[PDB]
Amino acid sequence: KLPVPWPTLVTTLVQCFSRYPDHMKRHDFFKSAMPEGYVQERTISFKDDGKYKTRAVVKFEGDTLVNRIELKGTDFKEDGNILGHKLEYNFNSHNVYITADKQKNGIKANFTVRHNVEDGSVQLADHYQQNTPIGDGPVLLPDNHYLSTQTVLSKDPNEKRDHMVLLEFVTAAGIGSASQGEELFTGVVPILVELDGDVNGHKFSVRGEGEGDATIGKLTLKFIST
């Protein structure tokens, strides 16, 4: 059983599947870094509580887009909203504000997730993010813009393990193929997610599998606490 609520892991558990409208295709850093991929690092500060620090490698392995993550959580309160499992099983819509990080040839992002708490309060999770390409080839450095998200969380009635079924749609806003990497996302792409986590000493792992359809911005994934 996960020592943290599933919704707190959603943002850590592949922005290359975002729908970039045609007029914005030149601003899609994430696909342009493929197939070699990018490193995505975040600090997630849960206000009045602890923080996650994450580092992920997102790249193709053959036909599969893989997101392999190491997560480290510290300074959490034993019966705060996170370790005390006080968060509703849902995930609100957010805007992910992206800016170029020119001299590191990557991007940064900032956004604040709002997790609904059982008692009607809200638990904020302030995200700071930086992505750096792994490969040597040129990438697309964007003008400032944002990604707007929508997500539904559910359970598989046949799954006895602790798990999360996720469906999300993400579209870019706020501004032929623009990169060769973009062409690797033309159809439905299988996804593998592997997370190794330690939060206040509670060790855990998550494996997710599913597929993404970047033309529509859609992700469908099932995650299992292994």
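Start at 1 with the first residue shown and count on from there.
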How big is the unmodelled gap, if any, between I175 and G176 relative to the deposited sequence? Choose none, 1 to 3, 4 to 9, or 10 or more.
10 or more
Between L13 and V14 - deposited residues without coordinates, as a size class:
1 to 3
Take the C-alpha B-factors listed in the entry for 81 to 89 and for 145 to 153, compute each mean, and give the stretch with the larger one.
81 to 89
Avg C-alpha B-factor, entry values, 101 to 109 vs 133 to 141, higher side is 101 to 109
Between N158, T171, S45, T54, let me know which has the highest C-alpha B-factor in the entry?
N158
In this PDB entry, which of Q40, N67, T64, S179 has the top CA B-factor?
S179
Chain-relative C-alpha B factor for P21 (record values, thirds): the highest
Would you check the entry's CA temperature factor for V122 and let me know if it's in the chain's lowest, middle or highest third?
highest
Going by the recorded CA B-factors, say which third of the chain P3 sits in, lowest, middle or highest.
highest
Here the Cα B-factor of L9, set against its chain, lands in the third termed lowest
